[PDB]
Each structure stands twice: as structure tokens, then as C-alpha cells.
Amino acid sequence: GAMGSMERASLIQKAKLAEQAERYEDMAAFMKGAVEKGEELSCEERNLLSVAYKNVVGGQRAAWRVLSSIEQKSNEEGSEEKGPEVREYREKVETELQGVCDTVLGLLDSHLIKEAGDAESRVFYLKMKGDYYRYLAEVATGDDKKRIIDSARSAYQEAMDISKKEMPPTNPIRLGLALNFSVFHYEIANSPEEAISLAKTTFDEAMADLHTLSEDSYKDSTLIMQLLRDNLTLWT
Amino acid sequence: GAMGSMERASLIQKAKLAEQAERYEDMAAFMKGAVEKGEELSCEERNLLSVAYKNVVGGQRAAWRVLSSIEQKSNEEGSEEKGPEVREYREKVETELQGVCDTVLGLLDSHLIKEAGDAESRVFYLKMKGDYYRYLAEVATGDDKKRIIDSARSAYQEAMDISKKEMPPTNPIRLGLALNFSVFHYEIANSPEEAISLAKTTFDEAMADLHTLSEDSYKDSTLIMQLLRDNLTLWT
Amino acid sequence: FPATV
Amino acid sequence: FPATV
Ligand SMILES: C=CC(C)(C)OC[C@H]1O[C@H](O[C@@H]2C3=C([C@H](C)CN4CCCCC4)C[C@H](O)[C@]3(C)/C=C3/[C@@H](COC)CC[C@@]3(C)C[C@H]2O)[C@H](O)[C@@H](O)[C@@H]1O
Ligand SMILES: C=CC(C)(C)OC[C@H]1O[C@H](O[C@@H]2C3=C([C@H](C)CN4CCCCC4)C[C@H](O)[C@]3(C)/C=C3/[C@@H](COC)CC[C@@]3(C)C[C@H]2O)[C@H](O)[C@@H](O)[C@@H]1O
Ligand SMILES: [Mg+2]
Ligand SMILES: [Mg+2]
Ligand SMILES: [Mg+2]
Ligand SMILES: [Mg+2]
Ligand SMILES: [Mg+2]
Ligand SMILES: [Mg+2]
């Protein structure tokens, strides 16, 4: 790997520089190199890993959506045939996106999840696993769509089970997991009632736990609670 | 070249899709492939080429500035030594930026400029040549800084001479050339009086030509006139 | 689109 | 920074 000759601490330092410069591809490459040193990640390092890949795939998803929209318009009644280029370029972006998802899932499977025993690491990585299968599901249309959806659900469910046993309701990782699993239900799994139920139960239980939330996690958790409320407002 | 097997028209079509998806690296690669087909570019195609590379290098410049700022702070009195990583990563971004500039300059030199005879193409490409040497100048500190600055000036000057002879004062390419050459004077060449004089003369002459400006070019030209005024307000 | 984190 | 186009 191209990062094999760089010190772990230098990779972490450069991932932080890349974040400041909004160079998310570089950030992800640095964090992949750090993971490949074979040591567990600290809490701050997990956050750098997640932010890097979330931003890379986020841009790919935005571009894929633009191109898929064009492609669907091109396949409507009365649209002029303009050849294979829209499909080809959508496929190009899609394959790149799938490659990034596969890279993240490979890091999680070797060997971040196996070695994560504390709830704050295990839930975090399982959430990421669900998220990256969800992004694969967004673009999947072949015979593997159902398996991809099942893999996302299984990861989210294991994370949910651990989070309810081991974390308080206002823990930001627990809240963010529930936010995203609720979106999975609504947008991926054709289960809007489950999505709404999860968002509402999560929000209500977090409210009753606010009297215990730390001032340090308050911004993160209240933001995620607001996102739960935003989704509920969109869905009801 | 990786685009050698794709039809010219397909490259142009995909550059337009990439622009819509804000995939500027892809856009630039498609337009480089189109240029390498060996035919002159139309006016719309020139614009796609310019927008693609302007956005690629624009992001690199923004990241370089963030990292150079960190680097300079790290070299101040009382700053703790944190090793080679900031310099290394700034150098990495810088080398990538230089590579993109070199690629654009190579396309212009082979063979866009040689074959451009109409003013609207020749001035456009010479402006681009000045711009990409200017971006090289922004990061240059070695013995080549002066030569790079001279190359930018020579390109901008040839473009200026053609533009004043062959285009009306409110032509957007003429206006944009003058805007950028004025910035070159102020920020690169340590010639603020020349920068101010050029911006003022350009603005005043364009005002007196507005009664001839087409409704189609009105938005572009009035925007650039506003940018000239903005710079003059910053500089005086 | 709905919000995720 | 000053504006360019
Ligand atoms: C920039 C520096 C680095 C080192 C990269 O840290 C980024 C952020 O990492 C922490 O935050 C975390 C995360 C986010 C919160 C919601 C952002 N937060 C919102 C309110 C204001 C302050 C910032 C989003 C990220 O995607 C980030 C890392 C991601 C997650 C999700 C990860 O699933 C795998 C689960 C929930 C959340 C939000 C945990 C949350 O704890 C700090 O606590 C923040 O201070 C800090 O900005
Ligand atoms: C998106 C579709 C594509 C095919 C890529 O076209 C982009 C734009 O190309 C034209 O515009 C041109 C350029 C810009 C003008 C200023 C933008 N304009 C501002 C007011 C509102 C409408 C948009 C910026 C570009 O960087 C663009 C292409 C660049 C330049 C400079 C290029 O030096 C080498 C010289 C001046 C200018 C501004 C010429 C200007 O003619 C159209 O006329 C616009 O409609 C259109 O959006
Ligand atoms: Mg070591
Ligand atoms: Mg595919
Ligand atoms: Mg339940
Ligand atoms: Mg052909
Ligand atoms: Mg250098
Ligand atoms: Mg003069």
C-alpha cells in the first residue's frame, strides 16, 4: 500500500490537515493507511475515518443522483435518443462509488469490527457497515439488490442491539445509528411505518435522557435529535 | 490516452454531464480527450475546457492556501515543532497543482494556440495561458519564479494586444482577460498602480460601450464589470 | 432526501 | 483575495 512507508502518527496528522483543506480523498487514503497499521483506532481516529469516507461517497452519491435523473428523463416517452453516453457515464460514477464502498467494507471486515469490543467502537463500525451497504443498495438493481439490503439491515440491527444495551439514549453514536436505520427503513426497505416508529421512539427516549447529557456531547446529540424531528416532519 | 477510443462528440456530451454533476476532474479529462482529437474547439467547447480546469485547479489552490497558512504559522516564533508532515503534504498538493497547470499549458501549446486565428479563440487561449502560469507563480519560490511570472505576463500581454485591436470593450473575454491581468499585476507582479489603472480604464471604457452590448452577453459582461469594481473597491 | 449523519 | 474569472 502506498501509505506503508509512512508512520501511523504522520498519517493521522495528515488526515487532520486534509480535513482542514477539504481534501477528503486524501483524508480517506491517509486513514486507510492508518487502519492498515493493524492497531485499533481511538475515538478521534474513528471519527476521522468516518468523515473522510462519508464525504467521498457523499460526493459520488450526489453526482450519481444527477446522472440517474438525466438517464431516467432520457427514457421517458417523447425523449430523443441520444445514445449510450448517459448510461455509460452513470455506470462509470456508479462503479467508482461501489469501489469506495467495497474499500470501506473491507477495512471494517479486516480487521476493525473483529477487534472492536467496547460499545463505542463496535456500534460505530457496525453503523458504518450498514451505511456503506445502504449506499450500495441505493444503486443496486441486479440480482444482488436483496442481499445487499439484507446485509445493511443485519449490520444496523446488531449495532442497534448493542447500543440499546450498552449506551444511554442520548449517546450521539446511538442517536445517529437510529437516524440512519430509520432512513434505511423508509428509503431502502419500503418500511415507512418502521422508519417513523423508530424515529419517534428514539426522539422521545432521548428527550427523557437529556437531563443526563454532557455539555460536550450536547451539540452533537441535539443536532441529531433535530434531524430525527426533521425526518418525522417530512414523513408525517 | 485513456480517451483515445471515445468519439469526440461523446467526449463533449460527457463533459457536459460532468459539469452538471460537478465532477470537474472527469470534465477536464473528457475535454483533454476532445482536444487530443486534433480539431479546433468551438466557442462552447472552449468554455467547457476552461470551466473544467478552472474548477480543478481552483480546488487545489484553495487547499494549497489552507496548508500554506498552517505551514507559515508552524514557522513562527513560539510554535512547537511538529515535524515534516505539514511541509510534505503542502508539497504533495503543490505538485498535483503544478501537474494540472502543466497539463493545461501543454494542451494550449499543442496545438490549440498555434491553430487559433480568430480573436475570440486566440485571446481566450492566451488568457488561459496567462492564468495557468499565474497559478504556477502563486506557488513558486525557487529560481524559476521570475521566469514563470514573465511567461504569465507575456501571454496576458499578447492577449491584451489582440483584444484591444479586434474586440469591443464589453466583450466578455476581453473584460475577463483585463480583470485577471489586473489581478496578476496586483498579487503576482508587485505592480498595484498598474493593476488599478488597468481595472479603471477597462471599466470606464466598457461603460461607454454598454449601448452596444448584446442582451445575450449582458449578464456575463456586467458581472465581470462588477468584479472590476469590486477589486477597485478592495484596492482603493 | 431525508437526513442522515 | 481579489476576483478573477
Ligand atoms: C473535524 C474533526 C473530526 C476529528 C473529524 O471530528 C468531527 C466531529 O466528530 C465528533 O462528532 C461526531 C460526528 C458529527 C457531529 C454530529 C458533528 N457535530 C455536529 C454539531 C456541532 C459540532 C459537530 C458528524 C461527523 O460525521 C461525526 C464524526 C459522525 C457521527 C456518526 C458516525 O457514524 C459512524 C455517528 C454520529 C456522529 C455524529 C458522532 C459525533 O460525535 C465530535 O464530537 C465533533 O465535535 C466533531 O466536529
Ligand atoms: C455551463 C455551461 C458552459 C458550457 C460550461 O458555459 C459556461 C458559461 O460560458 C459562457 O460564459 C463565459 C464564462 C463565465 C460567465 C462569466 C458566467 N456567466 C456569469 C453571469 C451569468 C451567466 C454565467 C464564467 C466561466 O468560467 C466562463 C466560461 C469563462 C470566461 C473567461 C474564460 O477565460 C479563458 C473569460 C470570461 C468568461 C467569463 C467568458 C464567458 O462568456 C456563457 O456565456 C455562460 O452563459 C455560461 O454559463
Ligand atoms: Mg512506526
Ligand atoms: Mg453498474
Ligand atoms: Mg422496536
Ligand atoms: Mg470519430
Ligand atoms: Mg514544491
Ligand atoms: Mg495601458
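Letters A, B, ... are given to chains in the order of the sequence lines, protein chains preceding strands, and every chain is numbered from 1. Each ligand, and each atom within it, is numbered from 1 in the order the structure gives.
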Kindly indicate whether [atom] is approached by any protein heavy atom to under 4.0 angstrom.
{"atom": "atom 46 (C) of ligand 1", "result": "no"}
{"atom": "atom 36 (C) of ligand 2", "result": "yes"}
{"atom": "atom 41 (O) of ligand 1", "result": "yes"}
{"atom": "atom 21 (C) of ligand 1", "result": "yes"}
{"atom": "atom 29 (C) of ligand 1", "result": "no"}
{"atom": "atom 2 (C) of ligand 1", "result": "no"}
{"atom": "atom 32 (C) of ligand 1", "result": "yes"}
{"atom": "atom 8 (C) of ligand 1", "result": "no"}

Discussion item. Does either side chain, that of A/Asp209 or that of A/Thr170, offer a donor lying less than 3.5 Å from an acceptor on the other one?
Written reply: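 Side-chain D/A pair, A/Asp209 to A/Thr170: present.
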
Fill in: Option of least heavy-atom distance to atom 27 (C) of ligand 1 (set: A/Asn55, A/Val51, C/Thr4, A/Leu179)
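Answer by nearest heavy atom: A/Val51.
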
Fill in: Closest candidate by heavy atom, reference atom 17 (C) of ligand 1, pool A/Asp220, A/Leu49, C/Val5
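Going through A/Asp220, A/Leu49, C/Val5 one by one, A/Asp220 has the nearest heavy atom to atom 17 (C) of ligand 1.
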
Practice prompt. Measure the acute angle between the ring planes of A/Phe181 and A/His185, then classify it against the limits of 30° and 60° as parallel, tilted or perpendicular.
Written response: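 Aromatic pair A/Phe181/A/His185 classed tilted.
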
Item to complete: Name the closest protein heavy atom to atom 39 (C) of ligand 2, giving the residue it belongs to and the distance to 0.1 Å.
Response: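 Going by distance alone, atom 39 (C) of ligand 2 is nearest to B/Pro172 CB, 4.3 Å.
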
Fill in: Nearest-neighbour protein heavy atom for atom 6 (O) of ligand 2, which is reported as residue plus atom name and distance
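Answer for atom 6 (O) of ligand 2: B/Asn47 CB, 4.2 Å.
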
Worksheet entry | Test of ring centre spacing under 6.0 Å for B/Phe30 and A/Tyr89 |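 Centroid distance B/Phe30-A/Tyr89: below 6.0 Å, so yes.
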
Worksheet item: By number and element, which atoms of ligand 1 are closer than 4.0 Å to a non-hydrogen atom of A/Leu223?
Response: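 By the 4.0 Å cutoff, the relevant atoms are 19 (C), 20 (C).
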
Worksheet item: If you measure from the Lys or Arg side-chain nitrogens to the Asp or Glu carboxylate oxygens, is any gap between B/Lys200 and B/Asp204 under 4.0 Å?
Response: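 The answer is yes: the pair qualifies as a salt bridge.
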
Worksheet item: Of all the atoms in ligand 2, which lie at a distance below 4.0 Å from a heavy atom belonging to B/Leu48?
Response: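 The list of qualifying atoms is 4 (C), 5 (C).
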
Practice prompt. Using a strict 4.0 Å cut-off to heavy atoms of B/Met128, name the atoms of ligand 2 that fall inside it.
Written response: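 Selected atoms, number and element: 34 (C).
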
Discussion item. I'd like to know whether B/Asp131 forms a side chain to side chain donor-acceptor pair (under 3.5 Å) with B/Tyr156, so could you lay out the CA-CA distance, the side-chain angles of the two residues, the decisive distance to 0.1 Å, and finally the verdict.
Written reply: CA-CA 8 Å; B/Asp131 288 339; B/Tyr156 282 137; 2.6 Å; yes

Worksheet item: Is the backbone of B/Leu41 close enough, under 3.5 Å, to the side chain of B/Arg46 for a donor and an acceptor to pair up by distance?
Response: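 Between the backbone of B/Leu41 and the side chain of B/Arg46 there is a qualifying donor-acceptor contact (under 3.5 Å).
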
Worksheet item: Does the B/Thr202 side chain pair with the main chain of B/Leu198, one donor and one acceptor, at a distance under 3.5 Å?
Response: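 Pair found, side chain donor or acceptor close to backbone of B/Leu198.
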
Practice prompt. Using distance alone, determine whether A/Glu44 and ligand 1 share an N or O pair under 3.5 Å.
Written response: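 No: no nitrogen or oxygen of A/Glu44 is under 3.5 Å from one in ligand 1.
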
Worksheet item: Would one find an N or O of A/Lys127, backbone or side chain, under 3.5 Å from an N or O of ligand 1?
Response: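 Yes; at least one N/O pair falls below 3.5 Å.
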
Worksheet item: Is it the case that A/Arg65 places NZ or CZ above or below the six-membered ring of C/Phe1, under 6.0 angstrom from the centre and within 45 degrees of the axis?
Response: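 Ring-cation test returns yes.
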
Discussion item. For B/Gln157, I'd like to know if atom CD has over 12 heavy atoms of other residues, nucleotides or ligands within 6.0 Å.
Written reply: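 More than 12 heavy atoms, drawn from other residues, nucleotides or ligands, come within 6.0 Å of this atom.
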
Practice prompt. Run the numbers on A/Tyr186 and A/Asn231 for side chain to side chain donor-acceptor pair (under 3.5 Å), then give the verdict.
Written response: CA-CA 10 Å; A/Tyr186 194 96; A/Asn231 286 352; over 6 Å; no

Worksheet item: Considering only N, O or S atoms, which atom of B/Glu7 is nearest to the Mg ion (ligand 6)?
Response: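 So the atom name we want here is OE1.
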
Worksheet entry | Atom pair CD (B/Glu39) and CG (B/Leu112), whose distance is rounded to the nearest 0.5 Å |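 It comes to 12.0 Å.
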
